[PDB]
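Visitor: Got a structure for you, questions after.
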Amino acid sequence: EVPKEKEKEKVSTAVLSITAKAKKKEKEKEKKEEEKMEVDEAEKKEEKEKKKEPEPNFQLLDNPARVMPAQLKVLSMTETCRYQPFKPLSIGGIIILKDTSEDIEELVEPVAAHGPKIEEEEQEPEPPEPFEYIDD
Amino acid sequence: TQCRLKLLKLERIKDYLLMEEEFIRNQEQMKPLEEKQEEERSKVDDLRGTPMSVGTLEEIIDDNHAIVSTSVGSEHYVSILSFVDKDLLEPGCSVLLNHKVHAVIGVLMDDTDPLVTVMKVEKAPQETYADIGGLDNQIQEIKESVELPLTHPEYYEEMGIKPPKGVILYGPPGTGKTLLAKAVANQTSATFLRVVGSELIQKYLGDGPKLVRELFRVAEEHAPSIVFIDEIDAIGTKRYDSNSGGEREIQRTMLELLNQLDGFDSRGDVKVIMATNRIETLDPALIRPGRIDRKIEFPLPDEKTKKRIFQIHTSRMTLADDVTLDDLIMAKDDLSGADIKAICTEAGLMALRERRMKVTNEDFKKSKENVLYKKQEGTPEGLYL
Amino acid sequence: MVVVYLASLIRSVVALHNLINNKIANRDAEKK
């Protein structure tokens, strides 16, 4: 989050919140019949909030999320939609013939290269792409 | 009633807004203060050294020293160094010393006397002005004598020479001598120190000349001021022993007053207001002018004055519009303020017995015949005299 | 030994019947 930026920000919102509350106790304009224009205020300012609790299947059990219902394909070369030590369990998951690299032997358990099914095509696989030689 | 109420409601509400606005300033809102002053405090407290051992700052020497008396029991000759200046220190105050090695860190705090706390009572009369009417001429005089030379300098400066230095309020109680002292003091807002005369004669000897000089000297320091000496008849009347009565005790107290008021030691434009119910006990030297200036005499209430004196007592209670004032003037007259208080109390007393919780004309009338007789009875009737 | 056993004897019926209702509750509660 980084602490410093919040501290400037907090002061601003807050000073307003308490000042608005000051205006609410103060009523004189219960009696009035104004249309002549200059005010046309309620002469009270207030604030409030409401928020909803939910967020779907947060954790399966008390322990971490692990396997969960609803299925995804995740492409390789993703670690901003990463593989986890919580995902060995997940792998398999009634895999499709649209995956041309699919299981053929067991599990790798925590990570490694895993079996790619006997390929007849290279449509799903993507060509070579190292960042090795552009580093320097 | 209804006319007042809209403004009353608004004043309480304006004050609410004022309270609530303070909270937002101490908690969130900062611009010069910031995180920065917080750190200034930490840094100053650690250098300064907590605990700070209290001293009293009697005087400052300009060379980077001060003469301090530490309040622990043994005094120290400290340096003025660290977070204070010579001028920043003020005389007769409490100061902070570094605990490890005493140098005077500074004056945040002021020192109040032990004496002054007991003596002092707050200024304001419970009977509002222009409703201590009745000897209405007399009420005005005190406002002219004690209050005015402090309130308005213009007349005095053109008049020239020495101003007033007191008033003496004398004559039978109930003509409101205490209410008057409090009024002038309220108006000026001069520290009102109050001591009963009986404190001047207590068991210990020489306490009288001691208390009175300290009281005045404290009034000069906290000046401008009003000293009220309430009911100085006790000097002769009281004795805890032979030494506490008698001439030595009476003289020493009188003698002190004479030097203090106009004499060598003098006083400033600080006024002494004396209440006395007897100037029989009081000397011709404290009834002498130019340390009393105008004396105020209250005489017994007159037939017409008595109706106005009665109104004041009636205002403190519930307001009458059904009491016959003539019956009171007819029954007794050329009797004190204290007699009008006596008619009022007795009416309240009969109503209390029934558990009637008001006074009416009826309560005043029933009680009034017994009270007049009772006045005569207060002084001995013996067997049949 | 006597004191505890007497406390146990009154508590028993209460504690043992309730167990089945709490047990079921726990398994469901755990998931969220």
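Letters A, B, ... mark the chains of the structure tokens in the order given; residue numbers begin at 1 per chain; ligand numbers begin at 1, in order shown.
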Which polymer residues have any atom within 10 Å of an atom of segment 47-64 of chain A, counting only C-alpha atoms, with same-chain residues fewer than 2 positions away left out, as a list in words?
Guide: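 Skipping anything fewer than 2 positions along the chain leaves residues 17, 18, 20, 21, 24, 45, 66, 67, 68, 69 and 86 of chain A; 27, 28, 29, 30, 31 and 32 of chain C.
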Visitor: Considering only C-alpha atoms, return as a ChimeraX atom specification whatever protein or nucleic-acid residues lie within 12 Å of residue 244 of chain B, sequence-local ones (same chain, fewer than 4 positions apart) excluded.
Guide: /B:198-208,234-240,248-253
Visitor: Keeping only C-alpha atoms, take the residues you just selected and write them out as a PDB file, in the first residue's frame.
Guide:
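Below you can see result_18.pdb, which holds the result:
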ATOM      1  CA  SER B 198     -12.954  36.246  63.414  1.00  0.00           C
ATOM      2  CA  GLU B 199      -9.959  34.766  61.569  1.00  0.00           C
ATOM      3  CA  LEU B 200      -7.991  37.769  62.958  1.00  0.00           C
ATOM      4  CA  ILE B 201      -8.451  36.503  66.475  1.00  0.00           C
ATOM      5  CA  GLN B 202      -7.921  32.729  66.682  1.00  0.00           C
ATOM      6  CA  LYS B 203      -6.054  30.683  69.372  1.00  0.00           C
ATOM      7  CA  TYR B 204      -2.517  31.241  68.030  1.00  0.00           C
ATOM      8  CA  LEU B 205      -1.244  34.744  68.808  1.00  0.00           C
ATOM      9  CA  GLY B 206      -0.136  37.323  66.262  1.00  0.00           C
ATOM     10  CA  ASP B 207      -2.068  35.474  63.541  1.00  0.00           C
ATOM     11  CA  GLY B 208      -4.222  38.667  63.110  1.00  0.00           C
ATOM     12  CA  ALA B 234     -14.972  39.988  66.834  1.00  0.00           C
ATOM     13  CA  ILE B 235     -11.709  41.479  67.992  1.00  0.00           C
ATOM     14  CA  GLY B 236     -12.918  42.364  71.384  1.00  0.00           C
ATOM     15  CA  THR B 237     -15.977  40.015  71.489  1.00  0.00           C
ATOM     16  CA  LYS B 238     -13.998  36.855  71.114  1.00  0.00           C
ATOM     17  CA  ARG B 239     -11.256  35.227  73.223  1.00  0.00           C
ATOM     18  CA  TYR B 240      -9.964  31.652  73.379  1.00  0.00           C
ATOM     19  CA  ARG B 248      -2.456  43.365  73.061  1.00  0.00           C
ATOM     20  CA  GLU B 249      -4.642  41.429  70.631  1.00  0.00           C
ATOM     21  CA  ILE B 250      -6.986  44.385  69.878  1.00  0.00           C
ATOM     22  CA  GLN B 251      -4.122  46.865  69.371  1.00  0.00           C
ATOM     23  CA  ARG B 252      -1.898  44.751  67.173  1.00  0.00           C
ATOM     24  CA  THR B 253      -4.691  44.122  64.663  1.00  0.00           C
TER      25      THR B 253
END
Visitor: Produce a table with one row for each residue of chain B that has an atom at most 9 Å from any atom of chain A, each row naming the nearest atom pair and its distance in Å at one decimal; use only C-alpha atoms; arrange rows by chain and rising residue number; format as JSON lines.
Guide:
{"residue": "B:10", "atom": "CA", "partner": "A:28", "partner_atom": "CA", "distance": 7.6}
{"residue": "B:13", "atom": "CA", "partner": "A:26", "partner_atom": "CA", "distance": 6.1}
{"residue": "B:14", "atom": "CA", "partner": "A:26", "partner_atom": "CA", "distance": 7.6}
{"residue": "B:16", "atom": "CA", "partner": "A:25", "partner_atom": "CA", "distance": 8.0}
{"residue": "B:17", "atom": "CA", "partner": "A:22", "partner_atom": "CA", "distance": 5.6}
{"residue": "B:18", "atom": "CA", "partner": "A:22", "partner_atom": "CA", "distance": 8.6}
{"residue": "B:20", "atom": "CA", "partner": "A:22", "partner_atom": "CA", "distance": 6.1}
{"residue": "B:21", "atom": "CA", "partner": "A:19", "partner_atom": "CA", "distance": 6.8}
{"residue": "B:23", "atom": "CA", "partner": "A:18", "partner_atom": "CA", "distance": 8.2}
{"residue": "B:24", "atom": "CA", "partner": "A:18", "partner_atom": "CA", "distance": 6.1}
{"residue": "B:25", "atom": "CA", "partner": "A:15", "partner_atom": "CA", "distance": 8.1}
{"residue": "B:27", "atom": "CA", "partner": "A:15", "partner_atom": "CA", "distance": 8.6}
{"residue": "B:28", "atom": "CA", "partner": "A:15", "partner_atom": "CA", "distance": 5.8}
{"residue": "B:29", "atom": "CA", "partner": "A:15", "partner_atom": "CA", "distance": 6.0}
{"residue": "B:30", "atom": "CA", "partner": "A:11", "partner_atom": "CA", "distance": 8.6}
Visitor: Could you work out how far atom CA of residue 77 of chain A lies from atom CA of residue 107 of chain A, giving the answer in Å with one decimal?
Guide: 18.9 Å
Visitor: DSSP on the backbone, alpha helix (DSSP H) only: what residues of chain A does that give? Format it as a list in words.
Guide: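 So the alpha helix (DSSP H) residues in chain A would be residues 3, 4, 5, 6, 7, 8, 9, 10, 11, 12, 13, 14, 15, 16, 17, 18, 19, 20, 21, 22, 23, 24 and 25 of chain A.
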Visitor: Show which residues sit within 12 Å of residue 375 of chain B, as a list in words. Count only C-alpha atoms, and ignore same-chain residues fewer than 2 positions away.
Guide: residues 331, 332, 333, 335, 336, 338, 339, 340, 341, 342, 343, 368, 369, 370, 371, 372, 373, 377, 378, 379, 380 and 381 of chain B
Visitor: Would you mind exporting N, CA and C atoms of the selected residues as an mmCIF file, in the first residue's frame?
Guide:
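And here's part04.cif as it stands now:
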data_model
loop_
_atom_site.group_PDB
_atom_site.id
_atom_site.type_symbol
_atom_site.label_atom_id
_atom_site.label_comp_id
_atom_site.auth_asym_id
_atom_site.auth_seq_id
_atom_site.Cartn_x
_atom_site.Cartn_y
_atom_site.Cartn_z
ATOM 1 N N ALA B 331 -47.193 48.005 61.734
ATOM 2 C CA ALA B 331 -46.862 47.172 62.886
ATOM 3 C C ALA B 331 -45.514 47.439 63.595
ATOM 4 N N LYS B 332 -44.408 47.654 62.784
ATOM 5 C CA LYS B 332 -43.003 47.844 63.266
ATOM 6 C C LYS B 332 -42.498 48.812 62.257
ATOM 7 N N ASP B 333 -41.453 49.594 62.726
ATOM 8 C CA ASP B 333 -40.779 50.667 61.943
ATOM 9 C C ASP B 333 -39.706 51.231 62.806
ATOM 10 N N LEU B 335 -36.837 49.626 62.737
ATOM 11 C CA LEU B 335 -36.224 48.379 63.017
ATOM 12 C C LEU B 335 -35.594 48.027 61.783
ATOM 13 N N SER B 336 -34.385 47.368 61.900
ATOM 14 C CA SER B 336 -33.358 46.916 60.939
ATOM 15 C C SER B 336 -33.914 46.298 59.692
ATOM 16 N N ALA B 338 -32.635 43.359 59.237
ATOM 17 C CA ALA B 338 -32.669 42.063 59.845
ATOM 18 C C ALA B 338 -34.198 41.807 60.244
ATOM 19 N N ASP B 339 -35.018 42.796 60.730
ATOM 20 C CA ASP B 339 -36.394 42.577 61.067
ATOM 21 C C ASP B 339 -37.214 42.198 59.838
ATOM 22 N N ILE B 340 -36.998 42.814 58.664
ATOM 23 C CA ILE B 340 -37.739 42.482 57.483
ATOM 24 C C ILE B 340 -37.398 40.953 57.107
ATOM 25 N N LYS B 341 -36.150 40.478 57.303
ATOM 26 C CA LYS B 341 -35.725 39.110 57.056
ATOM 27 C C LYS B 341 -36.424 38.119 57.965
ATOM 28 N N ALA B 342 -36.671 38.617 59.242
ATOM 29 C CA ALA B 342 -37.357 37.895 60.350
ATOM 30 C C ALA B 342 -38.801 37.703 60.024
ATOM 31 N N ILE B 343 -39.559 38.640 59.345
ATOM 32 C CA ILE B 343 -40.975 38.482 59.023
ATOM 33 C C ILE B 343 -41.128 37.388 57.957
ATOM 34 N N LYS B 368 -46.678 37.499 61.285
ATOM 35 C CA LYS B 368 -46.310 38.873 61.589
ATOM 36 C C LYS B 368 -46.616 39.299 62.947
ATOM 37 N N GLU B 369 -47.741 38.981 63.545
ATOM 38 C CA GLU B 369 -47.990 39.339 64.968
ATOM 39 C C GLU B 369 -47.103 38.718 65.908
ATOM 40 N N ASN B 370 -46.726 37.416 65.768
ATOM 41 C CA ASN B 370 -45.812 36.835 66.705
ATOM 42 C C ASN B 370 -44.413 37.467 66.603
ATOM 43 N N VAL B 371 -43.926 37.783 65.357
ATOM 44 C CA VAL B 371 -42.599 38.303 65.099
ATOM 45 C C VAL B 371 -42.400 39.566 65.683
ATOM 46 N N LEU B 372 -43.391 40.541 65.687
ATOM 47 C CA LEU B 372 -43.155 41.786 66.347
ATOM 48 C C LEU B 372 -42.950 41.678 67.813
ATOM 49 N N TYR B 373 -43.740 40.807 68.472
ATOM 50 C CA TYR B 373 -43.553 40.581 69.862
ATOM 51 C C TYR B 373 -42.222 40.009 70.224
ATOM 52 N N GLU B 377 -38.869 40.382 72.745
ATOM 53 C CA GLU B 377 -38.521 39.215 73.501
ATOM 54 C C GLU B 377 -37.078 38.786 73.293
ATOM 55 N N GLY B 378 -36.511 39.096 72.063
ATOM 56 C CA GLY B 378 -35.140 38.647 71.835
ATOM 57 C C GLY B 378 -34.104 39.121 72.824
ATOM 58 N N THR B 379 -34.288 40.372 73.295
ATOM 59 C CA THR B 379 -33.578 40.992 74.347
ATOM 60 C C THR B 379 -34.293 40.646 75.630
ATOM 61 N N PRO B 380 -33.646 40.371 76.787
ATOM 62 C CA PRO B 380 -34.403 39.813 77.961
ATOM 63 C C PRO B 380 -35.659 40.472 78.474
ATOM 64 N N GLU B 381 -36.756 39.632 78.678
ATOM 65 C CA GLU B 381 -37.888 40.096 79.411
ATOM 66 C C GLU B 381 -37.913 39.649 80.848
#
Visitor: Could you tell me how far atom CA of residue 117 of chain B lies from atom CA of residue 76 of chain B, in Å and to one decimal?
Guide: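 We find that atom CA of residue 117 of chain B and atom CA of residue 76 of chain B lie 27.7 Å from each other.
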Visitor: Return the single residue from A:65, A:88, A:106, A:101 that is closest to chain C, with distances computed using only C-alpha atoms.
Guide: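 Of A:65, A:88, A:106, A:101, the one nearest chain C, counting only C-alpha atoms, is A:65.
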Visitor: Any idea what's packed within 9 Å of residue 365 of chain B, counting only C-alpha atoms, ignoring anything in its chain fewer than 2 positions away? Could you give it as a list in words?
Guide: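 Close residues of residue 365 of chain B: residues 323, 324, 327, 328, 347, 360, 361, 362, 363, 367, 368 and 369 of chain B.
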Visitor: Report, in Å to a single decimal, how far apart atom CA of residue 88 of chain B and atom CA of residue 55 of chain B are.
Guide: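 Between these atoms lies a distance of 15.3 Å.
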